[PDB]
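Read from first to last, the chains carry the letters A, B, C, D and E; within each, the first residue is number 1.
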Amino acid sequence: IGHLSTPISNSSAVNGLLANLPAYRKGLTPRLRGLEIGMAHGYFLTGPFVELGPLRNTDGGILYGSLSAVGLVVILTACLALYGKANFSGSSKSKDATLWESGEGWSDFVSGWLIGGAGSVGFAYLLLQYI
Amino acid sequence: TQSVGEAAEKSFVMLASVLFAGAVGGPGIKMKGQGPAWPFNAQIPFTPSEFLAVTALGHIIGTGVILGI
Amino acid sequence: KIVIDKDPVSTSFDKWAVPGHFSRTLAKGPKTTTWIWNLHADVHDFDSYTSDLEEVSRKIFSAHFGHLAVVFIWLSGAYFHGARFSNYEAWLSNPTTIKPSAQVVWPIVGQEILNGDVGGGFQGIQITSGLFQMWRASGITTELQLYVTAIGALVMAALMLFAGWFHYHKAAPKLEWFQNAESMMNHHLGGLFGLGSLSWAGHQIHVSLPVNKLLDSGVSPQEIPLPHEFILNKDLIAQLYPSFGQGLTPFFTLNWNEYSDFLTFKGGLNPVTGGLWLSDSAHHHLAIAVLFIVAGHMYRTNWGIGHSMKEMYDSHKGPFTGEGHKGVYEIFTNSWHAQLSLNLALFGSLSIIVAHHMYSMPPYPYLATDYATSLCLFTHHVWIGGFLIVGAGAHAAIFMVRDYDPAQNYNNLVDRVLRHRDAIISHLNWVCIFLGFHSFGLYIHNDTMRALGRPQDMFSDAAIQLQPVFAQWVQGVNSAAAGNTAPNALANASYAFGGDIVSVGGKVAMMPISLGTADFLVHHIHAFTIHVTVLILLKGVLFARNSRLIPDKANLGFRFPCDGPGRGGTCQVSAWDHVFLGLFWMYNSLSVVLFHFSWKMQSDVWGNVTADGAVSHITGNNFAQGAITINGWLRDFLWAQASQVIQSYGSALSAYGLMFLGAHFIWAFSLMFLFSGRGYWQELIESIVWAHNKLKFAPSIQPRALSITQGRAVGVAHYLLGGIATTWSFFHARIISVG
Amino acid sequence: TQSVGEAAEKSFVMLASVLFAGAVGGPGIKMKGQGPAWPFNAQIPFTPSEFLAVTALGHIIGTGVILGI
Amino acid sequence: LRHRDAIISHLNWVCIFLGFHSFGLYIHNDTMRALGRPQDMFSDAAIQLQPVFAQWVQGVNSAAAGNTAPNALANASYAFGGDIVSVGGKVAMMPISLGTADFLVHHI
């Protein structure tokens, strides 16, 4: 074959997380499955900035710290679109036509990522500075 | 806990423990899928019967870690 | 799942009058007197005549409620006779000096001299049941609180007796309701042991802790509050151990370290009472609860999760063992008998474990110094322990006789044990003869070296030393354990491994029990006689069906007397007679275990403490050289301590002198049945029925002898009737006076 | 307000207002059922598009009642 | 040999992960001292990286003479714990302590 047959390759309980994440999933539209990614990566990214920052013990640490978290995401949706210009030159048609093989929804992935990538970010700033 | 509460940072230890449980207690359940199903028939990739155990297992592991540190 | 049929048994009195309705041997009429005994012998073994596994499991289920009733009737008599006729408030005033007494005796011939002076303004029989030290820990301060209980033990006796009625006469369950083992194991672990200790953990803090904070401050049984105030007046409960100001919120934000005054890990003995710290026993039964309720969710029911036991035996199989435990889950879901023996074995062996864990760790206030009770509380459960264990050897053989199936058992673990059963027995045979010479024969060497005037050539301390180098090291790790491995404890699990002598007044609560050269011997006696008691019961179970002698032993049943004078003579071959043989050896086993207790506890543990703390024991340390010989077991122990019960006529301790005499009688009365046989006596009734046929009234019930198993059964049941009751009074009279 | 907080009893006024809105703002919506549907495809007798409006209408009515009393 | 990429590529990752999170913790520590921000470096009076496993192991081995090694008079060494020892005027052994600077080098 091509791959190897261990006793734990292609095991069910890890495939249940694999084929149900919002990037390998079945029916989600590429505007929406980029939201669940952007809601995911955004909420924790304001973790490291607010307890490990240049100023941590001020008014002032969660507020400024969380500007850099949305300030990181805007460099990521940039890096998503430069991947869109360079991998999808016209979204050249390929073997699967996923969101990922052939593009077709990439700036709907990109715009979907930025919604939670600002939305989930300040939600933790709500949950950290208040509550 | 430099940006949060002292009894607020236990909730990260307790809620990680539910995810620490079900990540390796979840694939150990042999007979899965036995009833009842979800309240609003939300087709979701586990059962409430199973998920109640993970929150129960997470509540025991989290008690072990919180009192352990 | 709940599965019940309606009204299977009608509440009609027609089967009350005519006896023997349940058998097809019975309901005919006694043409002989064997029918009177054949009725009373085969009453309750419902598997003998009900050939229906559903029907028998309902008769077992309801009769357990009836046995739940007669405890609650008897628990009423322990609670009503203590509220009404006790010196309990006199015992609550001065707990140390005043001995307990309940059962005031009536004013007739001189049995009212048993109402002797106990202390206070009360006269009665000195009780050795420990209920006074038990109820004091529970917090019972006035007779009135107990008064409702006996009522609550009576009404729950009525409720269980109705539940035995309702769950058999009206609504008796299905067979498949009984085979639901995993839902039964989940509930008994979670609900019965878990919540039942959780609720006792609640009663220990809400009721039993706070008054023992006050009684041990030395104030009164009068100015202390009542239990209902402790819940309501939350600042009365916040003055003693001031941690109830925070309430149930530290239990829920997991800052459990803020319970550091009423939930403890002291681990010693309460020095003002000599008993267990109740704040330790509260944190105990809390941790037992959470362990048991968590263990209550281990087994699989109809929600998918949980361990299935049938799936756990398959894939427990080895190269030595072949099929593993396959079929063994089906054994304890079809056979009640195998379920009885396994449950009995770990009920009796538990009953000896509690007896060992009570003297080294006194659980109760002023039970430690009350040597009248703390010796009797040991010796009861040791006998109850040894009795259920021979029951475990009994009903193992009954499962083997009929409920054994070779179809379900091919090359699994039940079959292969029967397929090397000689190698099991003959190796266990050798170790009895090894441990008879090298444990009992050492006492014989200790006689023939001491009587010959050579006390340097025996096995003692001042001679060849048989030192218990292992058990002296186990004390070396169970006493260095605290703070060296168990760092959060104050002291060790008990003081017996080492530490200071703890005393309440001048009586020792507990002191470090040394092990010397004599303790190696007597422990190896116990290793000897238990290994014989195992051997007779294991030979009864492994050869229950067949042997080289009789291949149809279980075709002849569980309880058949003999196979006659054939094969050279074959008597006492059955699985019943091995239990009959194993009852005396169990009597011979535990009697040494009780003797090893009642001397070492008197000689090396208990005694009178002077003001500086220099202990003087009761017999004053004479186990270390007396107990190595047979003579010193007779001279220094049995002759010395039998004095207290033969100089007791005209005392309040006088029925002890009577039962010591009265049980020497019935023991010898066994030997009329044991050493003899049937066919002498059934021949002798030919002469005695002649005296009633000469005068023309020889009865229609033909006056019969006993059967051979019965003559064995009466002979052992009167044998144990004597030797335990001989010791029962002998232990009572001796430790009351000098202890 | 006898057994609760002063800023806790506003939450009964706000959450009643969401139920006060959707009980008589709900049957006034003419075109219902337009997408999107619920997140886990829970078959539930309204849409998240509609229900977000009721929580928005309830947030306005609740602001009117709380500042009105 | 039939999975030799999974060995090497996971070994490749844990090499790079270790170089960033050990040596890069010095380049972080170089800069915060160069920029005069000693509240931002990784030190003992700073963001501490405490070696708790090597202090629990150093603890349980120094409290073993008498608990789990009873017949030993003193411990296995004086490098885990205990008093110092001198010969002449110089120290034979003393407990080598492991703080944030010892965590930082043990990962290198």
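List of remarks:
One rule holds for everything that comes next: a contact is a pair of C-beta atoms (placed from the backbone, for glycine too) under 8 Å apart; a residue touches a chain by one contact, two chains touch by 3 or more.
For reference, the UniProt names are C = Photosystem I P700 chlorophyll a apoprotein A1.
With A-B and B-C as the two chain pairs, more C-beta contacts join B-C.
The geometric centre of chain B is 44 Å away from that of chain C, both derived from CA atoms. Our note on geometry: chain A versus chain E, Cα centroid distance of 36 Å, whole angstroms. Chain A and chain D have Cα centroids lying 31 Å from one another. The distance from the centre of chain C to the centre of chain D, each centre being the mean of the chain's C-alpha atoms, comes to 66 Å.
Annotation for chain B: no residues touch two or more other chains.
Residue numbers of chain C whose C-beta contacts span two or more other chains: none are found. The full set of touching chain pairs reads A-B, A-E, B-C, B-D, C-E. The touching residues of chain E, counted against chain A in their complex, run 2-3, 40, 47. Within the complex formed with chain E, the chain A residues making contact are 4, 52, 54. Across the interface of their complex, chain C is touched by residues 66-68, 70 of chain E. Within the complex, the chain C residues that touch chain E are 476, 480, 484-485.
For chain A in complex with chain B, the residues that touch the partner chain are 11-14, 16, 20, 50-51, 56-57, 61-62, 65, 128.
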